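Quick notes on the structure that follows.
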């Protein structure tokens, strides 16, 4: 039943993308991308990007952010010490959501 | 049994009482041998010290009252240093200390339970001053309002308590509370029983005025 | 018409009654026993006595009524008689009983005093009636205010039923 | 001499008429006397200068005593009738007439009625006194009634202020609010029993 | 003593003795002519007894007005003067003193009514003074009643949030097993006192 | 009391002679008066003179005075006092005098009675005048009913305090009850939170502990 | 390669959204569950009846931001 599993997993990612607004994608070079959609009240397609990669010491560091962000060091320390990433992804979601209204 | 044993070292032994807050440390005589190798009376106790790990700054009134009561029982009877100088009498002095500890812990639970559920039993205030207890019974079920000042002591509840009823509103004589105390036996759970008895006789039996 | 006429008249009749006694026989007796000093002059002396004694009554009565002030009191008596002649039944007279004599004159003013006193007491009664009515109304008013305050404290106490049901709902751990 | 008190006629004339009669009689007999000696002395006036008078002066004195007594014999008898007329007819005050002060008193008032009226007036005096005392007590009661009415109005104003303050926040009706609170608490009991039993059955398996 | 005159208790005996002794004048009167004897004789005899009588006094009364000796008339006169005195006294009594006591009693009535109306102001201690009502007491009632009402109105709105949360959580409990009872769904899926005592 | 003439009588009475001697010399003097009033009628003529007449008159006067002296006889020293008698067996004017004497008694009693009455009245007036310048309050009136139907107002003013105390009781009871309500709402919220805790923990249990480590390789 | 990547991105998605969904119901409506910091909550709405923006604001505003 691999086909059904993969099809609903793609459907789950798609419903996050449309219903929730977030889609994740692993790309080459040990990098991952978070794509944010349906935030701006006027322009719903407006992409918001941030790609994160891994250093030589297994740490979270956002490789790039479109638009850029500021709060990276504290979340890096948080995931390095308390090995938690739920709060990090939730907080970057909160920041990107707040990005529309300054 | 609310007592825990931590260690029996060649230098000292440690008991933890009431949520480990009271550290009864037995500092023995400094030797590399114990009572088995030595004589049964040679194992003298240098210091029966009572470390207080309870932080009174953030402690609630129940903890302050229970710890003050235990320490008052200690200081009024510190003659352990005169009477408990051997490891043979150590278990029995521990047991008799645990008895007052258990009574005082149950008492603290009683003040907590009453502070939570007073208006059900008409107990709208518990004010603790040093080692006293002020139970404020006040209701218009029989047009009554009075404070009972139970001078709680470490001997509670194996001794009757001096009950000085300072009347506020209504006609209550010393005989009324005296009969209340007599009908409530001097045993465990005494405070809750006396509160319930006051509620029953003076406020539930009397018909609600309409 | 006046009293003085009759008073002076019947006494003159008395005078004639007096002088008629002896009279001519008296004159004959005295003027035959003596009968001679000087007949004309002795004749004259006898009548002088009669005239002087028959006038001395008149001057005496005049003095009695004048210096005794009896003419004025006689006129007053006539006025009283003409005023009170209407009543013919036996009129009461001062009987010498001091108490009734006092009462007959002290009754009227004491009577008016008693009248004025009852006027005062009736005014007091009139005012006291309204005072009692006001106090009776105030009694009802205060009992009524007691009624609202008792009803209000009963209403606040009526909450006790809901507290009891709330206590029953909040079950103690058993 | 009269068998009577004369308490009335002298009461108005100021003197008993018997005194007037006795004065009249004494004065008149004195005058009769004096004129007897006057006339006999006038006769003697010619006897002093005329000797061998046919009639001795003492004979004139004798006949003069005779004349005096003979006038007296009828004079007293007629004066009796004069008195009987004066004291009863021409100076007396009849019983059918009322004197000025008698007119002042006039009507007879019974002394027993006076005693009853006096006890009545004194009793009405003490009644007036107790009525005025009752007036004073009633007025004091009125003052204290005003005071207690003011206090009652003050506490009723307190009641109104308490109700207004309680309604100010939004708890318009205490009884209804507490009843609805009890009902909501009962529903909360229902859901909390549900959650407790569900947790208990889930905590095991 | 001013009375020198002679006092006699008998009159008939004295007159008879005078008549008997007058026989001396009779004999001397017989020493006159019979033609003129009678006038001169009567002269002498009347002068005799007249002079005798004029020297005597009948208990101080005049001879011509003398009367029977049964009772003294001076005593009767003194009594009669007293009787007139008392009668005129009672006459002046009924004249003036009733009016005077009338003038007295009217003044007494004025005094009585003055005393009566002066008694109208009467004050007796009957008022019951009491301490003023306790302002701080009713103020404390006001304050804690106000805070109770505040918190009660707050609870009335806070509790329904607990109600709706409980209903939602009951729905969550309802949905939980079926969601965990589903195949691909799990495929995707795969003492308070201790707090009180600071340890 | 007719008396005239040469007189020399009445008031002119000697005091050295007894009343019998007094009347005797009165007789004697009257005798000379008779002699001198009888003498002028006689006239002197030849062989006729008055010596015999005057001598016989003088002898008669001597006989008269001797007769009076003989008549003055009486009991020894009996003239030192006087005599007084009278008969009062019965009369009617005496009865009138007696009865009018009881009238005197009646008026004498009336005098003192009137004096006592006027004195009592005037002294009562003076006493009232002096006194003017120098229980019953509730009864005896027509409105004793409003007085004796009086409730105790102090009891009402005291029951005011009882009402206030009852409100204190009731409202502090309400305070305690609603505090208990808060203490139960907090406990219910704690129950909700803690049950959410283990349900979330059980959901997390099958989640990858370190999914990113498996993600990198 | 496909299976592990898919299961891992599924776990990452569940960790991120903290939300499980319902698929057996019709796609015209959305049923699900959210594991928020407060009491766990249901999710019952109509996906095809409201605009995506409003529903997204509804879910992402229920997350406790205070």
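Note: ideal-geometry Cβ built from the backbone for every residue, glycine included; neighbour counts use all protein chains shown. Read the figures in this text as sums done on the coordinates, not as results from a lab.
Of the residues C:107, C:91, which single one is more than 17 Å from residue D:97 (Cα to Cα) and surrounded by 13 or more Cβ atoms within 10 Å (Cβ to Cβ)? Before you say what the answer is, go through the steps one by one.
Numbers: C:91 fails: more than 17 Å from residue D:97 (Cα to Cα).
Just a single option satisfies the conditions, and that option is C:107.
Out of all the residues in the range D:25-74, which are over 20 Å from residue C:33 (Cβ atoms) and either out of contact with any helix residue (DSSP H, G or I) (no Cβ under 8 Å at 6 or more places or on another chain) or buried (at least 19 other Cβ atoms within 10 Å of the Cβ) (or both)?
D:26, D:30, D:34, D:48, D:49
Within the group A:58, A:80, which residue is more than 13 Å from the chain's Cα centre (by Cα), more than 10 Å from chain G (Cβ to nearest Cβ) and not in a helix (DSSP H, G or I)? Can you show your working first?
Numbers: A:80 fails: not in a helix (DSSP H, G or I).
A:58 is the lone residue from the list that is more than 13 Å from the chain's Cα centre (by Cα), more than 10 Å from chain G (Cβ to nearest Cβ) and not in a helix (DSSP H, G or I).
Could you check, for the range F:179-186, whether at least one of its residues is in contact with a helix residue (DSSP H, G or I) (Cβ under 9 Å, 6 or more places away or on another chain), more than 7 Å from every other protein chain (Cβ to nearest Cβ) and part of a loop (DSSP other than H, G, I, E, B)?
No, the conditions are met nowhere in the range F:179-186.
Out of everything in the range A:62-77 that is under 18 Å from residue A:36 (Cα atoms) and within 14 Å of chain F (Cβ to nearest Cβ), what residue ends up being surrounded by the most Cβ atoms within 10 Å (Cβ to Cβ)?
Residue satisfying both the conditions and the ranking: A:62.
Limited to the range A:93-102, what total is found for residues that are at the interface with chain G (Cβ under 10 Å from one of its Cβ atoms) and in contact with a strand residue (DSSP E or B) (Cβ under 8 Å, 6 or more places away or on another chain)? So that I can check it myself, show each step before the final result.
The initial filter retains those residues of the range A:93-102 that are at the interface with chain G (Cβ under 10 Å from one of its Cβ atoms), namely A:93-94, A:97-98.
When the remaining residues are screened for being in contact with a strand residue (DSSP E or B) (Cβ under 8 Å, 6 or more places away or on another chain), the result is A:93.
The total comes to 1.
Among the candidates B:155, B:121, which residue alone is under 22 Å from the mean Cα position of the chain (by Cα) and under 22 Å from residue B:204 (Cβ atoms)?
Details: B:155 fails: under 22 Å from residue B:204 (Cβ atoms).
Step by step, each of B:155, B:121 is checked, and only B:121 is under 22 Å from the mean Cα position of the chain (by Cα) and under 22 Å from residue B:204 (Cβ atoms).
Quick one: would you say residue B:123 is crowded, with 18+ Cβ neighbours inside 10 Å and part of a helix (DSSP H, G or I)?
It is false that residue B:123 is crowded, with 18+ Cβ neighbours inside 10 Å and part of a helix (DSSP H, G or I).
Please give the strands (runs of 3 or more DSSP E) falling wholly within chain G in which 2 or more residues are surrounded by fewer than 12 Cβ atoms within 10 Å (Cβ to Cβ) and within 9 Å of another protein chain (Cβ to nearest Cβ).
In chain G, there are no strands (runs of 3 or more DSSP E) which contain 2 or more residues that are surrounded by fewer than 12 Cβ atoms within 10 Å (Cβ to Cβ) and within 9 Å of another protein chain (Cβ to nearest Cβ).
Check every one of the helices (runs of 4 or more DSSP H) wholly within the range E:129-199 and list those with 2 or more residues that are within 14 Å of chain D (Cβ to nearest Cβ) and surrounded by fewer than 13 Cβ atoms within 10 Å (Cβ to Cβ).
On the way: elements: E:135-180, E:183-189, E:192-196.
The helices (runs of 4 or more DSSP H) meeting that bar are E:135-180.
Please tell me if residue A:34 is assigned to a strand (DSSP E or B), within 25 Å of residue G:32 (Cβ to Cβ) and in contact with a helix residue (DSSP H, G or I) (Cβ under 8 Å, 6 or more places away or on another chain). Show your work before the answer.
Details: assigned to a strand (DSSP E or B): yes; within 25 Å of residue G:32 (Cβ to Cβ): yes; in contact with a helix residue (DSSP H, G or I) (Cβ under 8 Å, 6 or more places away or on another chain): yes.
When the stated conditions are applied, residue A:34 passes them.
Among the residues of the range C:17-47, how many are surrounded by 10 or more Cβ atoms within 10 Å (Cβ to Cβ) and in a helix (DSSP H, G or I)? Show your work before the answer.
Taking the range C:17-47 as the starting set, the residues that turn out to be surrounded by 10 or more Cβ atoms within 10 Å (Cβ to Cβ) are C:17-23, C:26-31, C:33-39, C:41-47.
Subset that is in a helix (DSSP H, G or I): C:17-20, C:23, C:26-31, C:33, C:39, C:41-47.
Here the count works out to 20.
Filter the range D:92-108 down to residues that are surrounded by fewer than 17 Cβ atoms within 10 Å (Cβ to Cβ), within 7 Å of another protein chain (Cβ to nearest Cβ) and assigned to a loop (DSSP other than H, G, I, E, B), then give me how many there are.
Final tally of qualifying residues: 3.
Among the residues of the range F:123-178, count how many are facing another protein chain (nearest Cβ under 8 Å) and within 30 Å of residue B:114 (Cβ to Cβ).
So the count comes out to 17.
Which pairs have Cβ atoms under 6 Å, sit 6 or more apart or on different chains, and link a residue in the range E:186-199 that is more than 30 Å from residue A:13 (Cα to Cα) to one that is loosely packed, with under 12 Cβ neighbours inside 10 Å?
Once the first residue is more than 30 Å from residue A:13 (Cα to Cα) and sits in the range E:186-199, its partners that are loosely packed, with under 12 Cβ neighbours inside 10 Å give E:198/B:58.
Does the range C:79-90 include one or more residues that are within 10 Å of chain D (Cβ to nearest Cβ), over 30 Å from residue D:107 (Cβ atoms) and part of a helix (DSSP H, G or I)?
no
Count, please, the residues in the range D:44-83 that happen to be part of a helix (DSSP H, G or I), closer than 18 Å to residue F:3 by Cβ and within 14 Å of chain E (Cβ to nearest Cβ).
Qualifying residue count, the range D:44-83: 15.
Which of the residues that make up the range B:51-84 are in a loop (DSSP other than H, G, I, E, B), more than 14 Å from residue B:109 (Cα to Cα) and touching a helix residue (DSSP H, G or I) at 6+ places or on another chain (Cβ under 7 Å)?
B:54, B:56, B:84 - these are the residues of the range B:51-84 that are in a loop (DSSP other than H, G, I, E, B), more than 14 Å from residue B:109 (Cα to Cα) and touching a helix residue (DSSP H, G or I) at 6+ places or on another chain (Cβ under 7 Å).
Quick one: which of D:165, D:195 is assigned to a helix (DSSP H, G or I), farther than 25 Å from residue C:160 by Cα and facing chain E (nearest Cβ under 7 Å)? Walk me through how you get there before you give the answer.
Working: D:165 fails: farther than 25 Å from residue C:160 by Cα.
When all the criteria are applied, what remains is D:195.
Each row is one residue, and each column tells you yes or no for (1) in contact with a helix residue (DSSP H, G or I) (Cβ under 6 Å, 6 or more places away or on another chain); (2) buried (at least 18 other Cβ atoms within 10 Å of the Cβ).
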| position | (1), (2) |
| --- | --- |
| E:35 | no, no |
| E:44 | yes, yes |
| E:58 | no, yes |
| E:66 | no, no |
| E:70 | no, no |
| E:74 | no, no |
| E:88 | no, no |
| E:101 | no, yes |
| E:115 | yes, no |
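What pairs can you find where one residue is in the range A:1-28 and at positive phi, the other is assigned to a helix (DSSP H, G or I) and surrounded by 15 or more Cβ atoms within 10 Å (Cβ to Cβ), and their Cβ atoms are less than 6 Å apart, with a gap of 6+ or different chains?
From the range A:1-28, the pairs are A:21/G:56.
Out of the range F:2-44, which residues are in contact with a helix residue (DSSP H, G or I) (Cβ under 8 Å, 6 or more places away or on another chain), within 24 Å of residue D:47 (Cβ to Cβ) and not in a helix (DSSP H, G or I)?
Once the filter is applied, which keeps residues that are in contact with a helix residue (DSSP H, G or I) (Cβ under 8 Å, 6 or more places away or on another chain), within 24 Å of residue D:47 (Cβ to Cβ) and not in a helix (DSSP H, G or I), the range F:2-44 yields F:2, F:3, F:4, F:5, F:6, F:8, F:9, F:10, F:42.
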